[PDB]
Amino acid sequence: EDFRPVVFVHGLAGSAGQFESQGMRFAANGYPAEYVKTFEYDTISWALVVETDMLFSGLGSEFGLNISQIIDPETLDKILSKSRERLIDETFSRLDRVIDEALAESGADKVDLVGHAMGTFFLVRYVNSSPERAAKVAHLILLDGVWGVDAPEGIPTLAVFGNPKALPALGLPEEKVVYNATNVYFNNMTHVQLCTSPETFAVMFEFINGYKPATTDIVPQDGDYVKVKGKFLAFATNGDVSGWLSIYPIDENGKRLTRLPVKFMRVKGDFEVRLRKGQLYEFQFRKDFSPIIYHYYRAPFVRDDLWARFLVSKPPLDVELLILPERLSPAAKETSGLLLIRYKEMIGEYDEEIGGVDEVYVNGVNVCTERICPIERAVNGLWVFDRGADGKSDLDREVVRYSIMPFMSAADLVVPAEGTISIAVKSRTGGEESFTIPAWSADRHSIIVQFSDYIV
Ligand SMILES: CCCCCCCCCCCCCCCC
Ligand SMILES: [Ca+2]
């Protein structure tokens with residue numbers, strides 16, 4: 001219509017998935033869906049080579065603490081041998097091409113840029129790098145990231161900050177400011193929650209358009225079908241993953257309704273398919289060079305979604321092998337193993353400012369406890385399996401191997417591989433969501449369930 005394109009840049013260990021709900025909100029208010037673009041990049045090399053400062057000097061987080069512990073000391077040397085000026089130049093030239101293609105497609109003369117966390121550091125350096133690049137930017141939005149620096153010269157900038165306690169608040173408390181920018185605060189929100197919230201959407205839309213949006217809801221569209229564009233990619237490093245995808249419509253207990261899949265395809269990174277609005281589906285994937293069968297579950301699509309992401313574990317940060325000892329035990333034919341994901345921190349420790357606790361039940365047992373999901377761990381990914389493969393559910397003994405992974409935690413719960421698994425969430429901001437799926441065995445299968453990041 002009379003709108004300009006918007007481009008989003010994610011933070012450390014992030015992807016286009018943190019702007020998926022915001023893209024659907026922009027389209028519900030009149031934007032052509034294809035006007036909302038995302039730029040993805042390898043965050044492990046960027047942090048170590050370009051943002052070494054933030055990494056070991058708090059500007060950022062505690063990944064620095066868990067780099068030598070996770071990445072192979074040799075691999076780390078290969079990464080560190082890369083030229084910094086070279087990495088900066090080649091990555092910025094790729095963003096140039098994404099911006100130029102959005103301008104040619106829309107006829108606009110400028111675009112709006114949005115960054116989250118480490119992505120804010122990335123964008124301030126990008127806009128400051130040349131007059132030519134800044135001349136193509138109408139507005140810059142910085143979400144819960146950098147502070148204590150000048151907004152780029154001549155570009156209207158908005159900075160939005162969340163609850164300091166949220167993560168290592170060992171620094172500035174409730175007083176972070178970007179110089180010469182409009183600065184505002186949401187003290188009731190955690191880190192990733194601030195990026196995906198409907199209140200943040202209303203603030204960004206008014207800053208760039210001059211009026212309040214008519215709605216912040218994810219409005220179902222008319223028609224029987226929806227267009228879905230997605231990608232299978234490596235966690236954190238974000239490179240394209242190759243494999244085979246089978247899609248099956250399923251009933252209320254997770255049983256497949258058709259004999260053959262409704263869609264079957266060879267995927268190399270990005271894929272596109274037409275599906276039924278409001279219908280529950282199972283996305284089965286087999287990745288090249290692994291015999292494991294993956295089953296991904298989520299709520300039905302109610303409108304077109306051009307930003308879906310399916311995360312896959314790959315070197316040099318193969319987080320999934322942390323679970324291999326148990327997958328190799330004879331007991332694995334008898335239990336299931338699952339990963340629960342939500343781009344809005346799951347919190348089991350009570351706090352006033354935040355004002356609420358989440359409850360997450362698996363076969364009736366709450367795994368979002370004060371011990372497993374404390375505020376400081378900012379849990380977006382929760383692993384549930386039988387630690388030790390001993391047939392015992394010891395929920396009070398922490399699973400130490402995950403204490404070193406960012407945004408993740410784990411629960412020692414025996415889930416029998418017979419019949420179905422029941423999963424239910426009661427959100428700290430109100431409302432509930434539930435799933436029933438088959439209890440696939442861990443010796444040959446992996447289960448991923450993604451909860452919606454906002455329930456009205
Ligand atoms: C700021 C964004 C945080 C994102 C947290 C994601 C947690 C889930 C990690 C999934 C790792 C790959 C799993 C592959 C399938 C077993
Ligand atoms: Ca156990």
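The chain is numbered in sequence order, starting from 1. In what follows, every heavy atom counts, from backbone to side chain, and hydrogens, waters and symmetry copies are set aside. First listed ligand is number 1; within each ligand, the first listed atom is number 1.
- Proximity annotation for atom 13 (C) of ligand 1: of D318, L339, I323, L339 comes nearest, heavy atoms only.
- Annotation: atom 14 (C) of ligand 1 to nearest protein heavy atom, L311 O, 3.5 Å.
- Among all non-hydrogen protein atoms, the one lying nearest atom 7 (C) of ligand 1 is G381 CA, 3.8 Å.
- If you look at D386 and ask which of its N, O or S atoms sits nearest the Ca ion (ligand 2), the answer is OD1.
- When only non-hydrogen protein atoms are considered, atom 1 (C) of ligand 1 lies nearest to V192 CG2, 3.7 Å.
- No side-chain N or O of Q279 forms a donor-acceptor pair with one of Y281 less than 3.5 Å apart.
- Looking only at distances, no side-chain donor or acceptor of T157 sits under 3.5 Å from a matching main-chain atom of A181.
- Within a 6.0 Å radius of NZ in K426, other residues, nucleotides and ligands contribute 12 heavy atoms or fewer.
- Protein heavy atom closest to atom 16 (C) of ligand 1, with residue, atom name and distance, is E320 OE1, 3.6 Å.
- Between the side chains of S45 and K82, a donor-acceptor pair is found at a separation under 3.5 Å.
- Closest protein heavy atom to atom 6 (C) of ligand 1: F235 CE1, 4.2 Å.
- In this structure, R25 forms no cation-pi arrangement with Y31, as its terminal cationic atom is not both closer than 6.0 Å to the ring centre and no more than 45° off the ring axis.
- Residue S313 approaches ligand 1 through these ligand atoms, each under 4.0 Å from one of its heavy atoms: 14 (C).
- The Ca ion (ligand 2) lies under 3.0 Å from an N, O or S atom belonging to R387.
- Inter-residue side-chain proximity for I448 and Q450 is flagged as unmet; no heavy-atom pair is nearer than 4.5 Å.
- Counting heavy atoms from C-beta outward, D386 and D390 have side chains that approach closer than 4.5 Å.
- For atom 4 (C) of ligand 1, the nearest protein heavy atom (residue, atom name, distance) is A13 O, 3.8 Å.
- For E320 and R327, the salt-bridge test passes: some basic side-chain N is under 4.0 Å from an acidic carboxylate O.
- Note: angle at the Ca ion (ligand 2), from OD2 of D412 to OD1 of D390, is 140° (rounded to 10 degrees).
- Geometric assessment of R256 against the ring of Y248 yields a positive cation-pi assignment under the 6.0 Å and 45° thresholds.
- Taking atom 5 (C) of ligand 1 as the reference point, the nearest protein heavy-atom neighbour is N380 CB, 3.7 Å.
- Among the atoms of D394, no N, O or S atom is found under 3.0 Å from the Ca ion (ligand 2).
- At a heavy-atom cutoff of 4.0 Å, ligand 1 is contacted by the side chain of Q18 but not by its backbone.
- Side chains of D96 and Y126: a donor-acceptor N/O pair is present below 3.5 angstrom, by distance only.
- For residue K392, an N/O/S atom approaches the Ca ion (ligand 2) to within less than 3.0 Å.
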